[PDB]
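Undergrad: Got run.pdb for you, PDB, C-alpha atoms:
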```pdb
ATOM      1  CA  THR A   1      -7.466 214.464 116.404  1.00  0.00           C
ATOM      2  CA  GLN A   2      -7.732 211.389 118.650  1.00  0.00           C
ATOM      3  CA  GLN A   3      -4.944 208.861 119.261  1.00  0.00           C
ATOM      4  CA  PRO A   4      -5.448 205.297 117.900  1.00  0.00           C
ATOM      5  CA  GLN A   5      -3.980 203.424 120.885  1.00  0.00           C
ATOM      6  CA  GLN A   6      -3.688 199.626 120.676  1.00  0.00           C
ATOM      7  CA  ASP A   7      -4.791 198.787 124.230  1.00  0.00           C
ATOM      8  CA  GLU A   8      -8.363 199.863 125.033  1.00  0.00           C
ATOM      9  CA  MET A   9      -7.738 200.249 128.779  1.00  0.00           C
ATOM     10  CA  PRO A  10      -5.468 203.021 130.217  1.00  0.00           C
ATOM     11  CA  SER A  11      -2.174 201.346 129.258  1.00  0.00           C
ATOM     12  CA  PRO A  12       1.298 202.859 130.001  1.00  0.00           C
ATOM     13  CA  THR A  13       1.364 204.356 126.489  1.00  0.00           C
ATOM     14  CA  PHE A  14      -2.264 205.536 126.720  1.00  0.00           C
ATOM     15  CA  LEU A  15      -1.536 207.308 130.025  1.00  0.00           C
ATOM     16  CA  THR A  16       1.497 209.148 128.618  1.00  0.00           C
ATOM     17  CA  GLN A  17      -0.620 210.120 125.587  1.00  0.00           C
ATOM     18  CA  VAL A  18      -3.230 211.776 127.887  1.00  0.00           C
ATOM     19  CA  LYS A  19      -1.247 215.051 127.673  1.00  0.00           C
ATOM     20  CA  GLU A  20      -1.638 215.211 123.876  1.00  0.00           C
ATOM     21  CA  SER A  21      -5.315 214.270 124.327  1.00  0.00           C
ATOM     22  CA  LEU A  22      -5.873 217.675 125.980  1.00  0.00           C
ATOM     23  CA  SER A  23      -4.574 219.615 122.960  1.00  0.00           C
ATOM     24  CA  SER A  24      -6.823 217.715 120.535  1.00  0.00           C
ATOM     25  CA  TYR A  25      -9.635 218.260 123.069  1.00  0.00           C
ATOM     26  CA  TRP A  26      -9.380 222.070 123.037  1.00  0.00           C
ATOM     27  CA  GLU A  27      -9.507 222.045 119.211  1.00  0.00           C
ATOM     28  CA  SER A  28     -13.204 221.128 119.252  1.00  0.00           C
ATOM     29  CA  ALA A  29     -13.651 222.392 122.844  1.00  0.00           C
ATOM     30  CA  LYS A  30     -14.186 225.953 121.554  1.00  0.00           C
ATOM     31  CA  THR A  31     -17.341 224.933 119.658  1.00  0.00           C
ATOM     32  CA  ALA A  32     -18.575 223.667 123.022  1.00  0.00           C
ATOM     33  CA  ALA A  33     -17.880 227.054 124.650  1.00  0.00           C
ATOM     34  CA  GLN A  34     -20.205 228.856 122.240  1.00  0.00           C
ATOM     35  CA  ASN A  35     -22.595 225.898 122.469  1.00  0.00           C
ATOM     36  CA  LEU A  36     -22.795 226.566 126.214  1.00  0.00           C
ATOM     37  CA  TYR A  37     -24.452 229.846 125.325  1.00  0.00           C
ATOM     38  CA  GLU A  38     -26.548 227.955 122.750  1.00  0.00           C
ATOM     39  CA  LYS A  39     -28.082 225.454 125.188  1.00  0.00           C
ATOM     40  CA  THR A  40     -28.710 228.389 127.571  1.00  0.00           C
ATOM     41  CA  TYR A  41     -31.740 229.742 125.704  1.00  0.00           C
ATOM     42  CA  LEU A  42     -33.045 226.293 124.687  1.00  0.00           C
ATOM     43  CA  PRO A  43     -34.601 224.023 127.384  1.00  0.00           C
ATOM     44  CA  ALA A  44     -32.939 220.877 125.954  1.00  0.00           C
ATOM     45  CA  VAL A  45     -31.209 220.433 129.347  1.00  0.00           C
ATOM     46  CA  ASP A  46     -34.207 218.438 130.609  1.00  0.00           C
ATOM     47  CA  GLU A  47     -34.672 216.530 127.323  1.00  0.00           C
ATOM     48  CA  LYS A  48     -31.029 215.440 126.927  1.00  0.00           C
ATOM     49  CA  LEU A  49     -31.201 214.328 130.580  1.00  0.00           C
ATOM     50  CA  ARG A  50     -33.839 211.633 130.098  1.00  0.00           C
ATOM     51  CA  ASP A  51     -32.472 211.160 126.561  1.00  0.00           C
ATOM     52  CA  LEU A  52     -29.016 210.034 127.718  1.00  0.00           C
ATOM     53  CA  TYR A  53     -30.699 208.146 130.587  1.00  0.00           C
ATOM     54  CA  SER A  54     -32.687 205.897 128.226  1.00  0.00           C
ATOM     55  CA  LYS A  55     -29.615 205.068 126.113  1.00  0.00           C
ATOM     56  CA  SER A  56     -27.412 204.575 129.201  1.00  0.00           C
ATOM     57  CA  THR A  57     -29.945 201.996 130.506  1.00  0.00           C
ATOM     58  CA  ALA A  58     -28.538 199.311 128.183  1.00  0.00           C
ATOM     59  CA  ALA A  59     -25.056 200.767 127.561  1.00  0.00           C
ATOM     60  CA  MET A  60     -24.211 201.610 131.194  1.00  0.00           C
ATOM     61  CA  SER A  61     -25.588 198.172 132.190  1.00  0.00           C
ATOM     62  CA  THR A  62     -22.404 196.664 130.699  1.00  0.00           C
ATOM     63  CA  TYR A  63     -19.801 199.158 131.922  1.00  0.00           C
ATOM     64  CA  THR A  64     -21.501 198.965 135.333  1.00  0.00           C
ATOM     65  CA  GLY A  65     -20.751 195.315 135.983  1.00  0.00           C
ATOM     66  CA  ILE A  66     -17.501 195.681 134.035  1.00  0.00           C
ATOM     67  CA  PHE A  67     -16.324 198.814 135.874  1.00  0.00           C
ATOM     68  CA  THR A  68     -17.205 197.345 139.281  1.00  0.00           C
ATOM     69  CA  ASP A  69     -15.577 194.079 138.154  1.00  0.00           C
ATOM     70  CA  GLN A  70     -12.002 195.379 138.480  1.00  0.00           C
ATOM     71  CA  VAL A  71     -13.105 197.554 141.420  1.00  0.00           C
ATOM     72  CA  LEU A  72     -14.323 194.607 143.472  1.00  0.00           C
ATOM     73  CA  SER A  73     -11.167 192.809 142.334  1.00  0.00           C
ATOM     74  CA  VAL A  74      -9.102 195.509 144.053  1.00  0.00           C
ATOM     75  CA  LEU A  75     -11.185 194.884 147.202  1.00  0.00           C
ATOM     76  CA  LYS A  76      -9.420 191.556 147.715  1.00  0.00           C
ATOM     77  CA  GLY A  77      -5.929 192.916 147.037  1.00  0.00           C
ATOM     78  CA  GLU A  78      -6.336 196.084 149.114  1.00  0.00           C
ATOM     79  CA  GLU A  79      -8.535 194.702 151.911  1.00  0.00           C
TER      80      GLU A  79
END
```
Turn the structure described in the file into structure tokens.
TA:
Amino acid sequence: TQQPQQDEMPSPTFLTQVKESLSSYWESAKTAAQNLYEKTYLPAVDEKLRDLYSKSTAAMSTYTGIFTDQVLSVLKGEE
């Protein structure tokens, strides 16, 4: 089960929560473990690659400028 935090960004409360996020992660993590074996036989590795690439073209185009936004911002403060 995920935690419905108010602040979207890694706020003080969100950071502290991180610990609990690991427990809820393992819950469904097991399915992934067996799935590892699943995707072994199937050659979806190459498909999902380009698959996520196409979607990320528009999606990542926002988080790219956004992510680098605060990064560049730290350039002035640090340097």
Undergrad: So how many Å separate atom CA of residue 14 of chain A and atom CA of residue 2 of chain A, to one decimal?
TA: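 Taking atom CA of residue 14 of chain A and atom CA of residue 2 of chain A, their separation equals 11.4 Å.
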Undergrad: Let me know the centre plus edge lengths, in Å and rounded to one decimal, of a box with edges along x, y and z that contains all listed atoms of segment 7-18 of chain A and is padded by 5 Å on every side, as AutoDock Vina command-line options.
TA:
```
--center_x -3.4 --center_y 205.3 --center_z 127.2 --size_x 19.9 --size_y 23.0 --size_z 16.0
```
Undergrad: Which polymer residues have any atom within 10 Å of an atom of segment 18-30 of chain A, counting all atoms listed in the file, with same-chain residues fewer than 6 positions away left out, as a VMD selection string?
TA: chain A and resid 1 to 3 10 36
Undergrad: Could the residues in this selection be written to a file with C-alpha atoms, as a PDB file, in the coordinates of the input?
TA:
```pdb
ATOM      1  CA  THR A   1      -7.466 214.464 116.404  1.00  0.00           C
ATOM      2  CA  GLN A   2      -7.732 211.389 118.650  1.00  0.00           C
ATOM      3  CA  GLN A   3      -4.944 208.861 119.261  1.00  0.00           C
ATOM      4  CA  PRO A  10      -5.468 203.021 130.217  1.00  0.00           C
ATOM      5  CA  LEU A  36     -22.795 226.566 126.214  1.00  0.00           C
TER       6      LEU A  36
END
```
Undergrad: Please measure the separation of atom CA of residue 46 of chain A and atom CA of residue 58 of chain A, giving the value in Å to one decimal.
TA: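 If I compute the distance from atom CA of residue 46 of chain A to atom CA of residue 58 of chain A, I get 20.1 Å.
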Undergrad: For atom CA of residue 70 of chain A and atom CA of residue 9 of chain A, determine how far apart the two atoms are, in Å to one decimal place.
TA: 11.7 Å
